[PDB]
$ cat upload-v9.txt   # compact mmCIF, C-alpha atoms and all ligand atoms
# COMPACT_ATOMS: atom_id res chain seq x y z
CA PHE A 1 67.33 -21.52 20.62
CA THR A 2 65.56 -23.54 23.32
CA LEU A 3 62.35 -25.52 23.78
CA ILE A 4 60.29 -22.39 24.53
CA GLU A 5 61.04 -21.03 21.06
CA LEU A 6 59.92 -24.31 19.47
CA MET A 7 56.69 -24.26 21.49
CA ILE A 8 56.04 -20.67 20.39
CA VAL A 9 56.70 -21.71 16.78
CA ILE A 10 54.17 -24.55 17.08
CA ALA A 11 51.61 -22.16 18.60
CA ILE A 12 52.13 -19.67 15.75
CA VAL A 13 51.74 -22.51 13.23
CA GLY A 14 48.42 -23.42 14.85
CA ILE A 15 47.32 -19.78 14.83
CA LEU A 16 48.07 -19.54 11.10
CA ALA A 17 46.31 -22.85 10.42
CA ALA A 18 43.19 -21.67 12.30
CA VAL A 19 42.79 -18.26 10.65
CA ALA A 20 39.55 -16.73 9.39
CA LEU A 21 38.52 -15.90 5.83
CA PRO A 22 36.70 -12.98 4.17
CA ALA A 23 33.22 -13.27 2.63
CA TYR A 24 33.81 -14.88 -0.76
CA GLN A 25 30.18 -16.02 -0.85
CA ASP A 26 29.12 -12.51 -1.88
CA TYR A 27 31.53 -12.57 -4.83
CA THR A 28 30.31 -16.02 -5.87
CA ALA A 29 26.72 -14.77 -5.61
CA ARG A 30 27.57 -11.81 -7.84
CA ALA A 31 29.17 -14.15 -10.38
CA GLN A 32 26.04 -16.32 -10.39
CA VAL A 33 23.66 -13.34 -10.63
CA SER A 34 25.60 -12.16 -13.69
CA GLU A 35 24.08 -15.13 -15.54
CA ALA A 36 20.55 -14.01 -14.66
CA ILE A 37 21.38 -10.47 -15.76
CA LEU A 38 22.63 -11.78 -19.11
CA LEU A 39 19.55 -13.98 -19.54
CA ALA A 40 17.15 -11.13 -18.76
CA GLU A 41 19.01 -8.75 -21.10
CA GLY A 42 17.92 -10.84 -24.10
CA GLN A 43 14.20 -10.01 -23.87
CA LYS A 44 14.66 -6.25 -24.39
CA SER A 45 14.25 -6.34 -28.17
CA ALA A 46 10.77 -7.90 -28.25
CA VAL A 47 9.40 -5.64 -25.50
CA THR A 48 10.81 -2.51 -27.13
CA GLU A 49 9.47 -3.50 -30.55
CA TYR A 50 5.99 -4.17 -29.15
CA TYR A 51 5.97 -0.85 -27.30
CA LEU A 52 7.11 1.03 -30.41
CA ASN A 53 4.61 -0.64 -32.76
CA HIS A 54 1.58 -0.70 -30.42
CA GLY A 55 1.90 2.22 -27.98
CA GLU A 56 1.74 0.13 -24.80
CA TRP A 57 3.95 -2.35 -22.98
CA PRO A 58 3.23 -6.09 -23.27
CA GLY A 59 1.33 -7.59 -20.37
CA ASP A 60 2.70 -11.14 -20.52
CA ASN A 61 5.13 -13.39 -22.38
CA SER A 62 2.32 -14.46 -24.73
CA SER A 63 2.02 -11.14 -26.57
CA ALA A 64 5.55 -10.00 -25.80
CA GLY A 65 6.80 -12.51 -28.37
CA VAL A 66 8.82 -14.79 -26.09
CA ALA A 67 8.54 -18.26 -24.61
CA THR A 68 7.01 -19.35 -21.32
CA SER A 69 8.55 -18.30 -18.00
CA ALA A 70 9.45 -21.87 -16.99
CA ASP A 71 11.25 -22.43 -20.31
CA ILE A 72 13.77 -19.55 -20.01
CA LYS A 73 16.09 -21.30 -17.55
CA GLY A 74 19.82 -21.70 -17.04
CA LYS A 75 22.26 -23.37 -14.66
CA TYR A 76 21.31 -20.93 -11.87
CA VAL A 77 18.10 -19.32 -13.21
CA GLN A 78 14.74 -21.09 -13.05
CA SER A 79 12.31 -18.58 -14.60
CA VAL A 80 12.16 -15.23 -16.40
CA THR A 81 8.84 -13.39 -16.57
CA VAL A 82 7.54 -10.28 -18.35
CA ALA A 83 4.76 -8.21 -16.77
CA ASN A 84 3.75 -4.76 -18.06
CA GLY A 85 7.12 -4.29 -19.75
CA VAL A 86 9.10 -5.36 -16.66
CA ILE A 87 11.45 -8.35 -16.83
CA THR A 88 11.99 -10.35 -13.62
CA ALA A 89 14.36 -13.30 -13.20
CA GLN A 90 14.28 -15.80 -10.33
CA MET A 91 17.06 -17.98 -8.92
CA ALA A 92 16.97 -21.74 -8.46
CA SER A 93 15.83 -23.24 -5.16
CA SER A 94 18.66 -25.79 -4.88
CA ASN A 95 22.25 -26.46 -5.95
CA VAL A 96 23.02 -22.73 -5.81
CA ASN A 97 24.57 -20.31 -3.34
CA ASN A 98 22.81 -20.09 0.01
CA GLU A 99 22.48 -16.29 0.01
CA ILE A 100 20.72 -16.02 -3.36
CA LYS A 101 18.37 -18.99 -3.00
CA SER A 102 15.01 -18.18 -4.66
CA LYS A 103 15.43 -14.42 -5.08
CA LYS A 104 14.40 -12.01 -7.82
CA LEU A 105 15.92 -9.11 -9.75
CA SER A 106 14.22 -6.82 -12.25
CA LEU A 107 14.82 -4.71 -15.36
CA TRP A 108 12.61 -1.88 -16.59
CA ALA A 109 12.68 1.04 -19.02
CA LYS A 110 11.38 4.61 -19.04
CA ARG A 111 10.59 6.59 -22.19
CA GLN A 112 12.15 10.02 -22.74
CA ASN A 113 11.60 12.67 -25.40
CA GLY A 114 14.60 11.51 -27.43
CA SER A 115 15.79 8.22 -25.95
CA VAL A 116 14.75 5.14 -23.98
CA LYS A 117 16.63 4.60 -20.72
CA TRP A 118 17.00 1.17 -19.11
CA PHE A 119 17.38 0.47 -15.39
CA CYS A 120 18.46 -2.61 -13.44
CA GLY A 121 18.08 -3.43 -9.76
CA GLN A 122 15.65 -4.70 -7.16
CA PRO A 123 12.19 -5.97 -8.19
CA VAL A 124 9.55 -3.45 -9.28
CA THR A 125 6.03 -3.64 -10.69
CA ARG A 126 4.03 -1.56 -13.18
CA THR A 127 0.29 -1.27 -12.61
CA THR A 128 -1.12 -0.21 -15.99
CA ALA A 129 0.23 -0.86 -19.47
CA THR A 130 0.25 2.88 -20.26
CA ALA A 131 1.87 4.07 -17.02
CA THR A 132 5.25 5.81 -16.94
CA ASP A 133 5.98 5.20 -13.23
CA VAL A 134 7.02 2.17 -11.19
CA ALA A 135 6.98 1.32 -7.48
CA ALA A 136 8.29 -1.37 -5.15
CA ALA A 137 7.41 -4.96 -6.00
CA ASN A 138 5.56 -6.20 -2.91
CA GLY A 139 5.22 -5.43 0.78
CA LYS A 140 4.33 -8.99 1.86
CA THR A 141 7.33 -10.91 0.50
CA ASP A 142 11.05 -11.34 1.12
CA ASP A 143 12.16 -12.42 -2.38
CA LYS A 144 14.54 -9.53 -2.98
CA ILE A 145 18.19 -9.86 -3.97
CA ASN A 146 20.34 -8.10 -1.39
CA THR A 147 22.45 -5.10 -2.35
CA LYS A 148 25.69 -6.93 -1.51
CA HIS A 149 24.96 -9.58 -4.18
CA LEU A 150 24.54 -7.14 -7.09
CA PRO A 151 27.03 -5.20 -9.22
CA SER A 152 27.50 -1.53 -8.40
CA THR A 153 25.90 -0.58 -11.73
CA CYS A 154 22.82 -2.78 -11.14
CA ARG A 155 21.62 -0.91 -8.03
CA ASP A 156 18.72 1.40 -8.91
CA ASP A 157 15.74 2.61 -6.90
CA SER A 158 12.12 2.65 -8.04
CA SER A 159 12.21 6.48 -7.98
CA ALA A 160 15.03 6.75 -10.54
CA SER A 161 14.24 8.76 -13.66
CA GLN B 1 -23.81 3.83 -23.27
CA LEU B 2 -21.80 0.78 -22.22
CA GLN B 3 -23.21 -0.97 -19.15
CA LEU B 4 -21.87 -3.98 -17.24
CA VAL B 5 -24.20 -6.48 -15.55
CA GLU B 6 -22.99 -9.23 -13.22
CA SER B 7 -24.70 -12.50 -12.32
CA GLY B 8 -24.14 -15.74 -10.45
CA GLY B 9 -24.18 -14.52 -6.86
CA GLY B 10 -25.52 -16.57 -3.99
CA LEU B 11 -24.56 -18.59 -0.93
CA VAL B 12 -22.17 -21.55 -1.13
CA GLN B 13 -20.98 -23.77 1.71
CA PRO B 14 -17.22 -23.86 2.43
CA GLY B 15 -15.27 -26.12 0.10
CA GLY B 16 -17.75 -25.61 -2.74
CA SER B 17 -17.60 -23.73 -6.02
CA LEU B 18 -19.25 -20.80 -7.78
CA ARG B 19 -19.16 -19.19 -11.22
CA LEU B 20 -19.68 -15.52 -12.08
CA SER B 21 -20.35 -13.74 -15.37
CA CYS B 22 -19.82 -10.10 -16.38
CA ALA B 23 -21.48 -9.32 -19.71
CA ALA B 24 -22.53 -6.23 -21.66
CA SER B 25 -25.67 -5.71 -23.75
CA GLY B 26 -25.62 -4.02 -27.14
CA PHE B 27 -21.85 -3.44 -27.15
CA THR B 28 -18.78 -5.51 -27.99
CA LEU B 29 -16.00 -6.06 -25.43
CA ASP B 30 -12.95 -6.74 -27.60
CA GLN B 31 -10.67 -3.70 -27.17
CA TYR B 32 -11.03 -3.64 -23.36
CA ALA B 33 -9.47 -5.62 -20.53
CA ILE B 34 -11.94 -7.10 -18.02
CA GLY B 35 -10.99 -7.10 -14.36
CA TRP B 36 -12.66 -8.29 -11.18
CA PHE B 37 -12.63 -6.35 -7.91
CA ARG B 38 -13.73 -7.32 -4.40
CA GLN B 39 -14.73 -5.12 -1.46
CA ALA B 40 -15.07 -6.65 2.00
CA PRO B 41 -17.57 -5.20 4.51
CA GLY B 42 -15.77 -2.39 6.30
CA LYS B 43 -12.63 -2.76 4.17
CA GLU B 44 -11.25 -0.99 1.12
CA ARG B 45 -11.78 -2.34 -2.38
CA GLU B 46 -9.06 -4.58 -3.81
CA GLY B 47 -8.35 -6.54 -6.98
CA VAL B 48 -8.80 -10.23 -7.72
CA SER B 49 -8.03 -11.05 -11.35
CA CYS B 50 -7.64 -9.44 -14.77
CA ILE B 51 -7.64 -10.71 -18.36
CA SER B 52 -6.27 -9.18 -21.55
CA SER B 53 -8.23 -8.19 -24.65
CA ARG B 54 -7.29 -11.33 -26.60
CA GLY B 55 -7.36 -13.68 -23.60
CA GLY B 56 -3.68 -14.59 -23.40
CA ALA B 57 -2.52 -12.61 -20.36
CA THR B 58 -3.85 -13.48 -16.90
CA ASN B 59 -2.85 -12.47 -13.38
CA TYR B 60 -4.38 -13.13 -9.96
CA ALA B 61 -3.94 -11.86 -6.42
CA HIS B 62 -1.68 -13.48 -3.83
CA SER B 63 -4.52 -14.87 -1.70
CA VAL B 64 -6.62 -16.19 -4.62
CA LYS B 65 -3.79 -17.69 -6.69
CA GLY B 66 -4.31 -21.38 -7.43
CA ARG B 67 -8.03 -21.40 -6.59
CA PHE B 68 -9.55 -18.93 -9.09
CA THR B 69 -9.66 -19.16 -12.87
CA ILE B 70 -10.59 -16.48 -15.41
CA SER B 71 -11.74 -17.19 -18.97
CA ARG B 72 -12.84 -15.02 -21.89
CA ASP B 73 -15.14 -15.67 -24.85
CA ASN B 74 -15.17 -13.49 -27.96
CA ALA B 75 -18.15 -14.93 -29.87
CA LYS B 76 -20.37 -13.88 -26.94
CA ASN B 77 -19.45 -10.71 -25.04
CA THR B 78 -19.06 -12.35 -21.64
CA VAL B 79 -16.23 -13.06 -19.19
CA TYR B 80 -16.33 -15.97 -16.75
CA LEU B 81 -14.65 -16.24 -13.34
CA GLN B 82 -14.55 -19.68 -11.72
CA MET B 83 -14.23 -19.93 -7.94
CA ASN B 84 -12.95 -23.09 -6.24
CA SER B 85 -12.20 -24.00 -2.62
CA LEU B 86 -14.17 -21.17 -1.06
CA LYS B 87 -13.27 -19.85 2.40
CA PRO B 88 -15.15 -17.70 4.93
CA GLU B 89 -12.64 -14.88 4.34
CA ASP B 90 -13.78 -14.55 0.70
CA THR B 91 -17.24 -13.18 1.56
CA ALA B 92 -17.46 -9.73 -0.04
CA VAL B 93 -19.03 -7.73 -2.87
CA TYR B 94 -17.73 -8.52 -6.36
CA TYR B 95 -17.41 -5.98 -9.18
CA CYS B 96 -16.39 -6.16 -12.83
CA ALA B 97 -14.71 -3.37 -14.78
CA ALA B 98 -13.47 -2.72 -18.31
CA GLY B 99 -10.43 -0.72 -19.35
CA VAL B 100 -6.65 -0.93 -19.66
CA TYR B 101 -4.78 -4.08 -18.64
CA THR B 102 -3.75 -3.87 -14.98
CA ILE B 103 -1.71 -5.85 -12.46
CA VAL B 104 -3.82 -6.57 -9.37
CA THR B 105 -0.78 -6.40 -7.06
CA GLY B 106 0.25 -2.78 -7.60
CA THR B 107 -0.45 0.70 -6.31
CA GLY B 108 -3.81 2.10 -7.39
CA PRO B 109 -5.32 -0.78 -9.38
CA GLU B 110 -8.43 1.30 -10.16
CA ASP B 111 -6.54 4.00 -12.10
CA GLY B 112 -6.81 2.06 -15.39
CA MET B 113 -10.58 1.44 -15.51
CA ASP B 114 -13.18 3.79 -16.98
CA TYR B 115 -16.32 1.62 -16.69
CA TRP B 116 -17.86 -0.05 -13.65
CA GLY B 117 -20.71 -2.35 -12.68
CA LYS B 118 -23.35 -2.37 -9.96
CA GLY B 119 -21.90 -5.43 -8.23
CA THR B 120 -23.17 -8.67 -6.71
CA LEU B 121 -23.16 -10.05 -3.16
CA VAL B 122 -21.57 -13.41 -2.33
CA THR B 123 -21.74 -14.93 1.15
CA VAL B 124 -19.84 -17.98 2.42
CA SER B 125 -21.37 -19.70 5.45
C1 LIG C 1 -0.39 -8.47 -25.51
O1 LIG C 1 -0.21 -7.54 -24.44
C2 LIG C 1 -1.06 -6.40 -24.50
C3 LIG C 1 -0.70 -5.43 -23.39
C4 LIG C 1 -2.51 -6.84 -24.35
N1 LIG C 1 -3.41 -5.71 -24.49
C5 LIG C 1 -4.49 -5.59 -23.73
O2 LIG C 1 -4.71 -6.32 -22.78
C6 LIG C 1 -5.45 -4.49 -24.08
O3 LIG C 1 -5.69 -4.51 -25.49
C7 LIG C 1 -4.85 -3.14 -23.70
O4 LIG C 1 -5.79 -2.11 -24.02
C8 LIG C 1 -2.84 -7.87 -25.41
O5 LIG C 1 -4.15 -8.41 -25.16
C9 LIG C 1 -1.83 -9.01 -25.44
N2 LIG C 1 -2.21 -9.84 -26.57
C10 LIG C 1 -2.56 -11.11 -26.45
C11 LIG C 1 -2.60 -11.65 -25.05
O6 LIG C 1 -2.83 -11.81 -27.41
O1 LIG C 2 4.60 -17.72 -15.04
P1 LIG C 2 6.09 -17.91 -15.18
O2 LIG C 2 6.44 -18.10 -16.63
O3 LIG C 2 6.81 -16.70 -14.64
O4 LIG C 2 6.56 -19.19 -14.33
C1 LIG C 2 6.07 -19.40 -13.02
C2 LIG C 2 6.78 -20.60 -12.41
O5 LIG C 2 5.97 -21.75 -12.54
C3 LIG C 2 7.06 -20.34 -10.93
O6 LIG C 2 6.83 -18.99 -10.63
$ encode --input "upload-v9.txt" --output "structure tokens"
Amino acid sequence: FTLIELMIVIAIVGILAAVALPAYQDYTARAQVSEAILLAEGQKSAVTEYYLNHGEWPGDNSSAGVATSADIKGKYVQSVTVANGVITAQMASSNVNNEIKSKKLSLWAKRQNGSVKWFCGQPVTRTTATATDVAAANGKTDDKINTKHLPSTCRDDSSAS
Amino acid sequence: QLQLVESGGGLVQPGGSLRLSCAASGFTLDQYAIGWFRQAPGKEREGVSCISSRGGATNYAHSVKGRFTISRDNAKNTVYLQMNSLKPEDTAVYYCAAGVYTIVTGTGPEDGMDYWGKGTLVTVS
């Protein structure tokens, strides 16, 4: 070999040392959102029992049978709220991933003739306690978890039935 | 039949306070949810606040959150709405309705109410 080969080797070493990386932040965000999904999954029993025994969905945590929203918190979750049978969990505002800072995800259920189906995805809202339909959460806010930061199973539209 | 009468309207300077009251005569309001609605001049009617039958569930609108407070009394069939830090944009006609519990930030808030009131006029200078 000669000096040109050594210079090319050094250049290739620099190229390898200055390479780019894929987006691992999305995977970390999914891992963190899994905790919120698990936390929100625990309030299903009380809501279902209230609906079965009273004929209408609970309107708040007070008569759902659960604690306050600010008390249901984890390492990455700051609040979980129940409104008209819809469970919404919010992320923390600091010491978390940048992409999922202060964003919300929702869980809701629809009654069938022989079963009760549960859905998970972007935030939704139910107007009346006796309604069977849901719509988008709000048109004047940006607190929505992006599709890329959710599992493939937890991606449902408000029109799903 | 059931009739709703509102009271407490008037004129209040900006930065002041006002209290409303929606009450019924001859009937008991214990199995119904009381909600407040506001209609601006030349604008469609919207929702402000709503309270549950047993006074444990409350929800307010985005613009009025933090400044309005809703309370319910069961010994006397009356519902109170406290207004604080008034603004010129809050001048409108206020209504009170009874029916099923509703979220004031959803599509068609009026679909769950079966009783209505005449309404009162509130003006902010
Ligand atoms: C529990 O949640 C219920 C949806 C709510 N019901 C009503 O607001 C009306 O009775 C519906 O017709 C209850 O008032 C709540 N109970 C409380 C807050 O103690
Ligand atoms: O009302 P909730 O229990 O959902 O908690 C609200 C919290 O203070 C910030 O939204």
$ residues_near_ligand --input "upload-v9.txt" --ligand "ligand LIG 1 (chain C)" --cutoff "6 Å" --atoms "all atoms listed in the file" --output "mmCIF file with C-alpha atoms, in the frame of the given file"
data_model
loop_
_atom_site.group_PDB
_atom_site.id
_atom_site.type_symbol
_atom_site.label_atom_id
_atom_site.label_comp_id
_atom_site.auth_asym_id
_atom_site.auth_seq_id
_atom_site.Cartn_x
_atom_site.Cartn_y
_atom_site.Cartn_z
ATOM 1 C CA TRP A 57 3.950 -2.350 -22.980
ATOM 2 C CA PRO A 58 3.230 -6.090 -23.270
ATOM 3 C CA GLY A 59 1.330 -7.590 -20.370
ATOM 4 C CA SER A 62 2.320 -14.460 -24.730
ATOM 5 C CA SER A 63 2.020 -11.140 -26.570
ATOM 6 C CA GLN B 31 -10.670 -3.700 -27.170
ATOM 7 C CA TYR B 32 -11.030 -3.640 -23.360
ATOM 8 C CA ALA B 33 -9.470 -5.620 -20.530
ATOM 9 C CA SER B 52 -6.270 -9.180 -21.550
ATOM 10 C CA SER B 53 -8.230 -8.190 -24.650
ATOM 11 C CA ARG B 54 -7.290 -11.330 -26.600
ATOM 12 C CA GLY B 55 -7.360 -13.680 -23.600
ATOM 13 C CA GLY B 56 -3.680 -14.590 -23.400
ATOM 14 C CA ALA B 57 -2.520 -12.610 -20.360
ATOM 15 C CA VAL B 100 -6.650 -0.930 -19.660
ATOM 16 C CA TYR B 101 -4.780 -4.080 -18.640
#
$ residues_near_ligand --input "upload-v9.txt" --ligand "ligand LIG 2 (chain C)" --cutoff "7 Å" --atoms "all atoms listed in the file" --output "ChimeraX atom specification"
/A:68-70,79-81
$ interface_residues --input "upload-v9.txt" --of "chain B" --to "chain A" --cutoff "12 Å" --atoms "all atoms listed in the file" --output "PDB file with C-alpha atoms, in the frame of the given file"
ATOM      1  CA  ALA B  33      -9.470  -5.620 -20.530  1.00  0.00           C
ATOM      2  CA  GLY B  47      -8.350  -6.540  -6.980  1.00  0.00           C
ATOM      3  CA  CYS B  50      -7.640  -9.440 -14.770  1.00  0.00           C
ATOM      4  CA  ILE B  51      -7.640 -10.710 -18.360  1.00  0.00           C
ATOM      5  CA  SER B  52      -6.270  -9.180 -21.550  1.00  0.00           C
ATOM      6  CA  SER B  53      -8.230  -8.190 -24.650  1.00  0.00           C
ATOM      7  CA  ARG B  54      -7.290 -11.330 -26.600  1.00  0.00           C
ATOM      8  CA  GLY B  55      -7.360 -13.680 -23.600  1.00  0.00           C
ATOM      9  CA  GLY B  56      -3.680 -14.590 -23.400  1.00  0.00           C
ATOM     10  CA  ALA B  57      -2.520 -12.610 -20.360  1.00  0.00           C
ATOM     11  CA  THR B  58      -3.850 -13.480 -16.900  1.00  0.00           C
ATOM     12  CA  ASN B  59      -2.850 -12.470 -13.380  1.00  0.00           C
ATOM     13  CA  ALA B  61      -3.940 -11.860  -6.420  1.00  0.00           C
ATOM     14  CA  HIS B  62      -1.680 -13.480  -3.830  1.00  0.00           C
ATOM     15  CA  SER B  63      -4.520 -14.870  -1.700  1.00  0.00           C
ATOM     16  CA  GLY B  99     -10.430  -0.720 -19.350  1.00  0.00           C
ATOM     17  CA  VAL B 100      -6.650  -0.930 -19.660  1.00  0.00           C
ATOM     18  CA  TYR B 101      -4.780  -4.080 -18.640  1.00  0.00           C
ATOM     19  CA  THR B 102      -3.750  -3.870 -14.980  1.00  0.00           C
ATOM     20  CA  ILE B 103      -1.710  -5.850 -12.460  1.00  0.00           C
ATOM     21  CA  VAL B 104      -3.820  -6.570  -9.370  1.00  0.00           C
ATOM     22  CA  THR B 105      -0.780  -6.400  -7.060  1.00  0.00           C
ATOM     23  CA  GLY B 106       0.250  -2.780  -7.600  1.00  0.00           C
ATOM     24  CA  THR B 107      -0.450   0.700  -6.310  1.00  0.00           C
ATOM     25  CA  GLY B 108      -3.810   2.100  -7.390  1.00  0.00           C
ATOM     26  CA  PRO B 109      -5.320  -0.780  -9.380  1.00  0.00           C
ATOM     27  CA  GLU B 110      -8.430   1.300 -10.160  1.00  0.00           C
ATOM     28  CA  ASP B 111      -6.540   4.000 -12.100  1.00  0.00           C
ATOM     29  CA  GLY B 112      -6.810   2.060 -15.390  1.00  0.00           C
ATOM     30  CA  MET B 113     -10.580   1.440 -15.510  1.00  0.00           C
TER      31      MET B 113
END
$ closest_residue --input "upload-v9.txt" --among "B:11, B:23, B:5, B:124" --to "residue 80 of chain B" --atoms "only C-alpha atoms"
B:23
$ residues_around --input "upload-v9.txt" --residues "residue 65 of chain A" --least-positions-apart "5" --cutoff "10 Å" --atoms "only C-alpha atoms" --output "PyMOL selection string"
chain A and resi 43+45-47+49-50+58+60
$ write_last_selection --input "upload-v9.txt" --atoms "C-alpha atoms" --output "PDB file, in the frame of the given file"
ATOM      1  CA  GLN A  43      14.200 -10.010 -23.870  1.00  0.00           C
ATOM      2  CA  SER A  45      14.250  -6.340 -28.170  1.00  0.00           C
ATOM      3  CA  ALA A  46      10.770  -7.900 -28.250  1.00  0.00           C
ATOM      4  CA  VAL A  47       9.400  -5.640 -25.500  1.00  0.00           C
ATOM      5  CA  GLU A  49       9.470  -3.500 -30.550  1.00  0.00           C
ATOM      6  CA  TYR A  50       5.990  -4.170 -29.150  1.00  0.00           C
ATOM      7  CA  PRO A  58       3.230  -6.090 -23.270  1.00  0.00           C
ATOM      8  CA  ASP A  60       2.700 -11.140 -20.520  1.00  0.00           C
TER       9      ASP A  60
END
$ closest_residue --input "upload-v9.txt" --among "A:97, A:108, A:118, A:145" --to "residue 32 of chain A" --atoms "only C-alpha atoms"
A:97
